[PDB]
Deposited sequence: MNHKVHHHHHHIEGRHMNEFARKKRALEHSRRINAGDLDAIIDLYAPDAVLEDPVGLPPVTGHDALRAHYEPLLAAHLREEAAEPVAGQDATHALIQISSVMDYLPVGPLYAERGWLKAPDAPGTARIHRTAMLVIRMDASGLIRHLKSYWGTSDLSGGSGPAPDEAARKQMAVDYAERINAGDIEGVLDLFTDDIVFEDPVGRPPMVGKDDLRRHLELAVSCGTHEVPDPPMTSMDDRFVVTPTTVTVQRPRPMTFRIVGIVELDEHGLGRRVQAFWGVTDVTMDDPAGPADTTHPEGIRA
């Protein structure tokens, strides 16, 4: 029942209720048995009970969220939004430093934590959050920690460089042979580089140009997340606002890809 625009707005409502401070209002946005991965790569968080345990100390640290303009998915459930986070070091910082994500500051009472994360929200038809994956890693966080997940981060930027030059074969060198490439998420995926070569052949055909915002990884680097802005010149110039999620294999190749972009994310220029 919920279309792209309404899920897009509910995502912004989530970030606004995080900034208000009302804890009960945030928990009301989730399903009673909802699952939360914050960060992705760590064990999830299930239930309203566990959600108060996760969001209460964040509100104590005065979490402030500048949210990007969200994008939706063509599957009636998914909306994705980027979250620029700032917060006081206490009380969440000490836990981050214990896990090895920050280095403890000299003044833990005046320090601040900056964080860039990409949320992948799944909602049912009623607006309730059934699942929220929040992707961010050490290179997406202050403290001083990038352990050559940078090399895995760069894979998201190498794709844009190769496809901008027409090097179709170099683009295919970034993924495994069993590549599953959902684009857009909601339509049936392409499987095998034979299918993907057809896709990339048609990209350079109508002259696409890709520009990625700084990517983010999961806390275990199995996923690289890319917000790109694809511009095509044919049929007549257009602009795409997309967020993609690659799953990396053992050796850092592209296993599965989920290009999230909705109908309301294309624009006439």
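- Several segments of the deposited sequence are absent from the coordinates, namely 1-15, 161-162, 287-302.
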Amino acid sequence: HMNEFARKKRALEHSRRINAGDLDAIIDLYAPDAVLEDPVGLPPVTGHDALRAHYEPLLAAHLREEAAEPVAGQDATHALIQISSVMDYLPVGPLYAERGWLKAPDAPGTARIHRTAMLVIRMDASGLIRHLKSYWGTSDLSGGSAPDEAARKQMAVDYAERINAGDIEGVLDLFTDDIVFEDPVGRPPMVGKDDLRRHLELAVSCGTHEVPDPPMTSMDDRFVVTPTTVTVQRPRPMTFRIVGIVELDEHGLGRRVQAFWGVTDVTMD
From here on, numbers count along this sequence of modelled residues.
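- Between the stretches 146-154 and 82-90, it is 146-154 that shows the larger average CA temperature factor.
- Look at the mean CA B-factor for 99-107 and for 115-123 in the entry; the higher one is 99-107.
- Across the options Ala67, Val243, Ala31, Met216, the residue with the most elevated CA B-factor in the record is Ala31.
- When the C-alpha B factors of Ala72, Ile168, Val191, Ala160 are read from the deposited coordinates, the top value falls at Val191.
- Among the modelled residues of its chain, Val211 has a C-alpha B-factor that falls in the lowest third, as given in the PDB entry.
- Split the chain's modelled residues into thirds by C-alpha temperature factor. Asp49 is in the highest one.
- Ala25 sits in the highest third of its chain by CA B factor, as recorded in the PDB entry.
- Looking at the C-alpha B-factors along this chain, the one for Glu182 belongs to the lowest third.
- In the deposited entry, the Cα temperature factor of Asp195 sits in the top third of values across the chain's modelled residues.
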